[PDB]
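Asker: Sequence, then structure. It's an experimental one.
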Amino acid sequence: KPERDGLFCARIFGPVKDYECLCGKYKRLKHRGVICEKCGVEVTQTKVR
Amino acid sequence: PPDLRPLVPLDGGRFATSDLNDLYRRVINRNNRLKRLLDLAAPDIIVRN
Amino acid sequence: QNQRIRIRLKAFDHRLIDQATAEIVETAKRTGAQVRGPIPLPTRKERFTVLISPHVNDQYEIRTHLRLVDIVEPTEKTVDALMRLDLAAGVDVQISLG
Amino acid sequence: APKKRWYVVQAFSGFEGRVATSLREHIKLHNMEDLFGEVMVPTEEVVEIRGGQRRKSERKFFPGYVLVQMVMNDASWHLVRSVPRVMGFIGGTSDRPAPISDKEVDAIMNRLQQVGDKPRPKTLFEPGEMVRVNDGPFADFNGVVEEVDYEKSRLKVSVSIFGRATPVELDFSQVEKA
Amino acid sequence: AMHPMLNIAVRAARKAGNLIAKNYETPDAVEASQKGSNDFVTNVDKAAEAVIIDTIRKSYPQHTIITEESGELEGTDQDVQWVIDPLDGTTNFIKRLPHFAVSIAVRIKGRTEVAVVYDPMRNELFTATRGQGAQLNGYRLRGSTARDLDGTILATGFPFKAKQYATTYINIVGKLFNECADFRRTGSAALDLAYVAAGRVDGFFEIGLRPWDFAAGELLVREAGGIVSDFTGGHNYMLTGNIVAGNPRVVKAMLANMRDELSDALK
Amino acid sequence: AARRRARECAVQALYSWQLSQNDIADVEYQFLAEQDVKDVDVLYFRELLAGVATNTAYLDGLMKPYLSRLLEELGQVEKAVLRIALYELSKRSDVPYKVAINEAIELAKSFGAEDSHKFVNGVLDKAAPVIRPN
Ligand SMILES: [Mg+2]
Ligand SMILES: [Zn+2]
């Protein structure tokens, strides 16, 4: 998994998997756009990385 | 961005560490070290070097 | 597990202090927790003052009661019922674990 | 009356200790203790009882360098450059190094008194960060540290018990991340 | 996780906002108490300020605090400053207009480190921390996507306390109105900055702002992809109370547009 | 300090006893475990632990028609304090009315509910008959 505050930190760049939070709190296209609160990463398409 | 400097793995835990990642590791390491010295009473010649 | 689950309880009310203490020691003696004594340390004077729109230019010292109860047996259901069973407001519930 | 000043030489990544050793050894070799006072490698001993590293941990004031009480002379210069693994004389122009100031020595030694006096566990805590609890009484709960204490070391931490948030006096030994 | 100081600040802001909202439904108790030239300071401002300061003192009895009312309360550790506006746009509150916010920012070594603004009415919480970005109730904030002056919405405040520059300001206003789309005038520089961070306004500018008002927004827009500057691109704004901010291209266009009309007093 | 005040050194125990409802021996056990009290003669500690004998009821039975209010409504602090003060003279016979009642009034000020002394003194006039050779 990409390490927080690292050269691949999902929080700083984006989710590794499309529309899937890093901590697994969301896996649905509906919830697109809300950052998580357990790992703190926006939920979008992976393209943003 | 993390995409354009990817860290592609191999059949095992062998990752193609692209030079960009390594240079970034080096420079960020120097930066962290130098900051930690700056707060820690900063011996002048040492912070200079 | 660890012993000193020791709850001190300040307040200015009395009867609800008794209610909360009785309920707490109930949970203790019911969940297998070896309760120690409530041991109400001497009631203390505590200074107030009217910090509102005053009289144009009203308790100021109160007998705050203190129940210093201790529980030394933290089973699972102990913490379960504790965080479950609630307490009235108007009580200072600074607890210690150790 | 040659007063040996204090100079600094660059060590390598993970070599500092054996570098200081070899330095003293070569001093004894040329018997030049009169020219080389003391080779100083300041360090720190951060002590945590659990959390992976346990009961101790060894930090340094600053890596890659070594502090010496040498006296300036070309002989001593090559005597330090004729050692296994060092860089040049950290300082001004090479072959004419810059001794560090006496105030530097005094401040660094006050630092050493401070660190060696109190074993101070770093990776410290800040009032306002959230953190879980790995301890039996409050396993895997999570609240916010409302006050950090060091001597008592008992983490005044507000957590949710019986609805109303309340402080708790759990010790460092059971804290989670941060 | 989360930034600690940010967390304690947002707790303070929640408490303060709840107090303000609770008092908002009894206009017979909060009176108009003016301080300067139409800068009211009602008692509710004092109460919210005291609440915030109390909540802070629990976790930092040593941090020096700054407030428009109590000036500067020194602390035993004055390397870190807490700038507060318990209420922004006092006028909007006295008219009971439901658009205002409390602003709390924390500077470290002079550079602003964290900031929060809280509107209780709409219940919106703009948080921002350097090195992590800006959030609006969980959404990232990348400001307006504008790259010109057409179709752009410009939020602004008027120097209704430094009316000497009025003409000057109005002058530039006219110039701006020849290129922009529409204006916005809400009455709370903190909330306007916040909107800039949310892209709800394509930019913002103002003259005569106290140093304890943009400190909670300048970091907001900065970590929101936008930028701030004085009316000339420098950084004397922290002293001139003259701010212009927005996404970079719009800021460039606005500066190149304003530099001529500008009265050399502000330069 | 030691002899008389001994009572209020361990009324806590009583309180805790009347709240814990466990073995009085273990009650005094945990109490002495709580702190090392030196203002109490250990003989009076043994008296306080002896204050469990069933005449407790009887001494409130002593005033059972001589009550201004109910019994459970009298707080656990007042319950314990009055019960041991009457255990002095209803089963133990330590001192006369004036002495023991001056005790029961002075050594409940750091525990009473800001008015306890008025009612305990008004109802304790039953302490006059219980030792009529005053
Ligand atoms: Mg204000
Ligand atoms: Zn997550």
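Answerer: Looks like it arrived, so ask away. Residues are numbered from 1 along each chain as shown, chains lettered A, B, ... in the order given. Ligands and ions are numbered 1, 2, ... in the order given.
Asker: Helices of chain E, start to end?
Answerer: Remark: helices assigned in chain E by DSSP state H are E:4-23, E:43-59, E:90-94, E:166-177, E:189-197, E:218-222, E:237-240, E:248-261.
Asker: For the second one, buried residues please.
Answerer: Taking 16 or more other CB atoms under 10 Å in any protein chain shown as the neighbour-count basis, helix E:43-59 is seen to contain the buried residues E:44, E:45, E:47, E:48, E:49, E:50, E:51, E:52, E:53, E:55, E:56, E:59. Just so you know, the C-beta spots here come from the backbone N, C-alpha and C atoms, and that holds for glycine as well.
Asker: from those residues, which are also near chain D?
Answerer: Filtering the buried residues of helix E:43-59 for neighbours of chain D using CB under 8 Å from any CB of the partner chain leaves residue E:59.
Asker: And the buried residues of helix E:43-59, which is closest to ligand 2?
Answerer: Checking these against ligand 2 by CB to the ion gives residue E:59 as the nearest, at 26.5 Å.
Asker: Looking at chain C, which strand is longest?
Answerer: Scanning chain C for the strand with the most residues, using DSSP state E, yields strand C:61-71.
Asker: what's in contact with the helix or strand that it is followed by?
Answerer: The helix or strand immediately downstream of strand C:61-71 is helix C:76-84, counting by DSSP states H and E. Applying CB atoms under 8 Å, 6 or more residues apart in numbering or on different chains, the external contacts of helix C:76-84 come out as C:5, C:24, C:27-28, C:30-33, C:71, D:137-139, D:160-162.
Asker: Can you select the buried ones from these in ChimeraX?
Answerer: The buried residues among the contacts of helix C:76-84 can be selected in ChimeraX (16+ other CB under 10 Å) with this line:
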select /C:5,24,27,28,31,33,71 /D:137,138,161,162
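Asker: of all the contacts of helix C:76-84, which two lie farthest apart?
Answerer: Pairwise distances across the contacts of helix C:76-84 peak at 23.5 Å for C:32 and D:160 (criterion: CB to CB).
Asker: Find the helix or strand that the residue located most distally from the centre of chain B is a member of.
Answerer: Within chain B, the residue lying farthest from the chain centre (CA atoms, centre = their mean) is residue B:11, at 25.9 Å. Assigned by DSSP H and E, residue B:11 belongs to neither a helix nor a strand.
Asker: And what about residue D:29, helix, strand or coil?
Answerer: For residue D:29, the assignment made with DSSP: H, G, I helix; E, B strand; the rest coil gives helix.
Asker: do you know how far it is from residue D:66?
Answerer: According to CB to CB, to the nearest Å, residue D:29 and residue D:66 sit 18 Å apart.
Asker: Of the two, which one has the most company?
Answerer: Per other CB atoms under 10 Å in any protein chain shown, whichever of residue D:29 and residue D:66 has more neighbours is residue D:66, with 23 against 11.
Asker: Residues in a beta bridge with the more buried one, which ones?
Answerer: residue D:9 (DSSP bridges).
Asker: coming back round to it: is the longest strand of chain C up against chain F anywhere?
Answerer: Yes: using CB under 8 Å from any CB, a contact is recorded between strand C:61-71 and chain F, made by C:63, C:65.
Asker: and the angle for that strand with helix C:76-84?
Answerer: Relative orientation of strand C:61-71 and helix C:76-84, computed by axes from the mean of the first three to the mean of the last three CA atoms, to 10 degrees: 160 degrees.
Asker: Just the buried residues of strand C:61-71, please?
Answerer: C:62, C:63, C:65, C:66, C:67, C:68, C:69, C:70, C:71.
Asker: Stretch A:23-42 now?
Answerer: Neighbour counts over stretch A:23-42 (16+ other CB under 10 Å) mark A:26, A:34, A:35, A:36, A:39, A:40, A:41, A:42 as buried.
Asker: tell me the centre residue of the chain?
Answerer: Since you didn't name a chain, this refers to chain A. Geometric middle of chain A (CA atoms, centre = their mean) lands on residue A:15, at 3.1 Å.
Asker: try chain F instead
Answerer: Ranked by distance to the mean C-alpha position of chain F (CA atoms, centre = their mean), the top residue is residue F:84 at 2.3 Å.
Asker: What distance do you get for that residue to residue F:90?
Answerer: Distance, residue F:84 to residue F:90, using CB to CB: 10 Å.
Asker: nearest to chain D, of the buried residues of helix E:43-59?
Answerer: Set against chain D, the nearest of the buried residues of helix E:43-59 by CB to the nearest CB is residue E:59 (4.1 Å).
Asker: residues touching residue 13, list them.
Answerer: Just going to use chain A. Residues near residue A:13 by CB under 8 Å, 6+ apart: A:48, A:49, B:1, B:2.
Asker: actually it's chain C I care about, not the one you picked
Answerer: Contact analysis of residue C:13 by CB under 8 Å, 6+ apart lists C:90, C:91.
Asker: re earlier: among the contacts of residue A:13, which ones are buried?
Answerer: The neighbour count (16+ other CB under 10 Å) marks A:49, B:2 as buried among the contacts of residue A:13.
Asker: Closest one to residue A:22 out of the contacts of residue A:13, please.
Answerer: Taking CB to CB as the measure, residue A:22 lies nearest residue A:49 of those, at 11.9 Å.
Asker: The closest one reaches residue B:1, doesn't it?
Answerer: Yes: contact between residue A:49 and residue B:1 holds when scored by CB atoms under 8 Å: they sit 6.2 Å apart.
Asker: need the contact list for residue C:15.
Answerer: With contacts defined as CB under 8 Å, 6+ apart, the neighbours of residue C:15 are residue F:75.
Asker: and if we set it to 7 Å?
Answerer: Contacts for residue C:15 (CB atoms under 7 Å, 6 or more residues apart in numbering or on different chains) come out as none.
Asker: residue contacts, residue F:20?
Answerer: C:25, C:35, C:37, F:27.
Asker: So which of those residues is the closest to chain E?
Answerer: For the contacts of residue F:20, the residue nearest chain E by CB to the nearest CB is residue C:25; the value is 30.4 Å.
Asker: For the nearest residue to that closest one once chain neighbours are set aside, give me its contacts.
Answerer: Computed as CB to CB, 6 or more residues apart in numbering or on different chains, the closest residue to residue C:25 that is not its neighbour in sequence is residue C:35, at 5.0 Å. If you count contacts by CB under 7 Å, 6+ apart, residue C:35 has them with C:25, C:28, C:29, C:71, F:20.
Asker: how about a cut-off of 10 Å?
Answerer: Taking CB atoms under 10 Å, 6 or more residues apart in numbering or on different chains, we find residue C:35 in contact with C:5, C:24-29, C:69-73, F:16, F:19-22, F:30.
Asker: So which bits of chain C are right by chain F?
Answerer: C:12-15, C:17-18, C:21-22, C:24-26, C:28-29, C:34-44, C:62-63, C:65, C:67-70, C:72 (CB under 10 Å from any CB of the partner chain).
Asker: Let me know how buried residue D:45 is, in neighbour terms.
Answerer: Every residue meeting other CB under 10 Å relative to residue D:45 is counted, giving 13.
Asker: Stretch A:21-35 and chain D in contact?
Answerer: No: judged by CB under 10 Å from any CB, stretch A:21-35 makes no contact with chain D; its nearest approach is 13.1 Å.
Asker: Could you check that stretch against ligand 2 for contacts?
Answerer: Yes: shown here: stretch A:21-35 in contact with ligand 2 (CB under 5 Å from the ion) through A:21, A:23, A:25.
Asker: now, which of those sits nearest residue D:50?
Answerer: When the residues of stretch A:21-35 next to ligand 2 are compared for distance to residue D:50 (CB to CB), residue A:23 wins out at 25.2 Å.
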